[PDB]
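Trainee: Right, I'll just put the structure down here and ask away after.
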Amino acid sequence: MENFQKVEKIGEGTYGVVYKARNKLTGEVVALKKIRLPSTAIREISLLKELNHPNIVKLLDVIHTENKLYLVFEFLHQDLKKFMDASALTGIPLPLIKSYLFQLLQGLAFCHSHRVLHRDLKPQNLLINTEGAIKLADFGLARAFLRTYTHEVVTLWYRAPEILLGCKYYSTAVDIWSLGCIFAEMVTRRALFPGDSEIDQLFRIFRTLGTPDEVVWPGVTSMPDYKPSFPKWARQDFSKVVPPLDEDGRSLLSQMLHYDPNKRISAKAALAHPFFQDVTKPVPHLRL
Ligand SMILES: O=C(O)Cc1ccc(OC2=CC=NC(=O)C2)cc1
């Protein structure tokens with residue numbers, strides 16, 4: 002590459018291949034994201050160069066050369082998916098789960114206050130470092146690029162039910178839902194809703210939380226992909242779904258997983274929940 006050296010392919014991302022690269026002029030190691038291919042997206046993503054926070058992966062540069070587009074981000078050594086897999090025998094310790102959730106809510110509260118959504122949070126785009134930080138990767142990109150950039154199998158596991166029901170608009174609440182699913186997975190060491198198709202995803206949610214109705218979600222029955230023929234499942238207690246999470250954690254999770262997006266706790270209000278009374282910032286055991 003003219004301006005970098007490739008150290009390795011990191012892998013396939015949501016928008017194209019991702020490389021670990023060294024800037025030829027500065028020697029720094031960065032994440033270089035090639036966007037698999039548009040004038041609208043460059044200005045809008047370039048505005049994300051201004052969306053800086055300790056819990057957001059820094060966008061260093063937007064490079065449009067040779068009719069190719071490449072995003073340059075600050076490099077982090079591990080993602081939460083790999084850390085949860087590495088931690089599977091013991092689980093991630095609860096103080097670290099709480100630290101991670103708290104920091105991720107800080108990042109969402111910051112982005113949401115600046116009117117930027119993620120829309121596609123998942124453990125693979127939550128990046129961690131040795132100092133106990135976690136950062137959200139790729140905030141703002143879905144709006145800017147949305148939507149065909151890969152043929153790789155898209156994960157539906159963290160998708161909010163309004164989007165599975167075909168609402169074509171998004172709100173801050175989609176990110177709270179995804180983060181609630183990720184919270185539950187850290188605690189139980191299993192994905193909460195591991196669907197392998199949109200209807201399997203939606204029916205896994207309904208089997209746990211109950212089939213939604215107009216009482217708990219006014220407007221649900223008029224949403225584009227809602228069918229009156231959906232089976233009617235009863236809702237399970239969170240005490241069964243995420244043991245051994247304590248009643249503070251279960252209360253918070255329930256507020257992150259309300260069906261009606263409008264009823265879902267905000268990131269800012271979640272930071273004030275009693276669950277975070279005893280929050281600390283532990284050192285993670287990272288094997289790199
Ligand atoms: O986009 C996705 O679906 C998954 C994905 C997320 C982020 C990726 O990039 C990095 C991974 C690790 N460290 C970094 O610094 C960058 C690559 C893939």
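The numbering of the sequence shown is this note's numbering, which starts it at 2 and goes up by one. Yeah, the Cβ is synthetic: ideal placement off N, Cα and C, and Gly gets one too.
1. For the alpha helix (DSSP H) containing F111, name the first residue and the last one.
2. When you measure from the CB of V19 to every non-hydrogen atom of ligand 1, does any distance come out below 7 Å?
3. Can you tell which of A22, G14, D214 and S223 has the C-alpha that lies nearest to the C-alpha of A235?
4. Determine the DSSP secondary structure at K169, reduced to helix, strand or coil.
5. Got a sec? Which residues, its chain only, sit under 8 Å from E13 by beta carbon, not counting five neighbours each side?
6. Quick one: Cα of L72 to Cα of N53, how far?
7. Name the residue from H115, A271, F204 and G133 whose alpha carbon lies nearest to the alpha carbon of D80.
8. Can you determine whether any heavy atom of ligand 1 sits closer than 7 Å to the C-beta of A32, and answer yes or no?
9. State the Cα-Cα distance for the pair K123 and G141, rounded to the nearest angstrom.
10. Buried or exposed for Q237, going by 16 or more other Cβ atoms inside 10 Å?
11. Between which two residues does the alpha helix (DSSP H) harbouring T41 extend?
12. From what residue to what residue does the alpha helix (DSSP H) around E248 run?
13. Determine the burial state of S100: buried for a count of at least 16 other Cβ atoms within 10 Å of its Cβ, exposed for fewer.
14. Tell whether a beta-carbon distance below 8 Å holds between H274 and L253.
15. CB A270 to CB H113, shorter than 8 Å?
16. Can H119 and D62 be called in contact, C-beta distance under 8 Å?
17. Quick one: grab the DSSP three-state call for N56.
18. Between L33 and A22, which are expected to be in contact by the criterion C-beta below 8 Å, what is the C-beta distance as a whole number of angstroms?
19. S179: buried (16+ other C-beta within 10 angstroms of its C-beta) or exposed?
20. Quick check on the burial criterion: 16 or more other C-beta atoms within 10 angstroms. Buried or exposed for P229?
21. Starting from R190 and walking both ways along the beta strand (DSSP E), at which residues does that stretch end?
22. Going by the C-beta, is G12 closer than 7 Å to any heavy atom of ligand 1?
23. Let me check understanding here. Comparing Cα to Cα, which of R190, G196, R288 and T209 lies closest to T91?
24. Exposed or buried, which one is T27 when buried takes at least 16 other CB atoms within 10 Å?
Mentor: Answer, in terms of the structure:
1. If you number the sequence shown from 1, residue 111 lands on position 110. Here the alpha helix (DSSP H) through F111 covers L95 to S114.
2. As a position in the sequence shown, residue 19 is number 18, starting the count at 1. Because some heavy atom of ligand 1 lies under 7 Å away, the Cβ of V19 counts as near it: yes.
3. The residue you call residue 235 lines up with position 234 of the sequence shown. Considering only alpha carbons, the answer is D214.
4. In the sequence shown, the residue the question calls residue 169 occupies position 168. Note: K169 maps to coil in three-state DSSP.
5. Here residue 13 is taken as the residue at index 12 of the sequence shown, counted from 1. These residues qualify, in order along the chain: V19, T151 and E153.
6. Here the question's residue 72 lines up with position 71 in the sequence shown. Here the question's residue 53 lines up with position 52 in the sequence shown. Approximately 15 Å, taken between the alpha carbons.
7. As a position in the sequence shown, residue 80 is number 79, starting the count at 1. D80 has its Cα closest to that of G133, out of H115, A271, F204 and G133.
8. Indexing the sequence shown from 1 puts residue 32 at position 31. Answer for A32: yes, Cβ within range of ligand 1.
9. Counting from 1 along the sequence shown, the entry for residue 123 is found at position 122. Counting from 1 along the sequence shown, the entry for residue 141 is found at position 140. In a straight line, the C-alpha of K123 is about 14 Å away from that of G141.
10. Within the sequence shown, numbered from 1, the residue matching residue 237 stands at position 236. Classification of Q237: exposed, given that the 10 Å Cβ count is below 16.
11. Counted from its first residue, the sequence shown places residue 41 at position 40. Per DSSP, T41 belongs to the alpha helix (DSSP H) from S40 to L48.
12. Taking the sequence shown and counting its residues from 1, one reaches residue 248 at position 247. Element bounds for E248: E248 to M257.
13. Counted from its first residue, the sequence shown places residue 100 at position 99. With 16 or more other Cβ atoms within 10 Å, it is buried.
14. Counting from one through the sequence shown, the residue named residue 274 turns up at place 273. Counting from one through the sequence shown, the residue named residue 253 turns up at place 252. Contact flag set, yes.
15. Position 269 of the sequence shown, counted from the start, is the residue given in the question as residue 270. Position 112 of the sequence shown, counted from the start, is the residue given in the question as residue 113. The answer is no: Cβ separation not under 8 Å.
16. Here the question's residue 119 lines up with position 118 in the sequence shown. Here the question's residue 62 lines up with position 61 in the sequence shown. No, the pair does not count as a contact, with Cβ atoms beyond the cut-off.
17. As a working note, residue 56 is residue 55 in the sequence shown. Looking at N56 - three-state DSSP - the assignment turns out to be coil, as it is neither helix nor strand.
18. For the purposes of this step, residue 33 is identified with residue 32 of the sequence shown, where counting begins at 1. For the purposes of this step, residue 22 is identified with residue 21 of the sequence shown, where counting begins at 1. Indeed, because the Cβ distance is near 4 Å, the residues count as touching under 8 Å.
19. Against the sequence shown, residue 179 aligns to sequence position 178. Counting Cβ neighbours within 10 Å, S179 comes out buried, since at least 16 surround it.
20. In the sequence shown, residue 229 corresponds to position 228, counting from 1. Classification for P229: exposed.
21. For the purposes of this step, residue 190 is identified with residue 189 of the sequence shown, where counting begins at 1. No beta strand (DSSP E) contains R190, which DSSP labels as neither H nor E.
22. Position 11 of the sequence shown, counted from the first residue, corresponds to residue 12. Because some heavy atom of ligand 1 lies under 7 Å away, the Cβ of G12 counts as near it: yes.
23. The residue you call residue 91 lines up with position 90 of the sequence shown. With distances taken between Cα atoms, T91 lies closest to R190.
24. Here the question's residue 27 lines up with position 26 in the sequence shown. That one is exposed.
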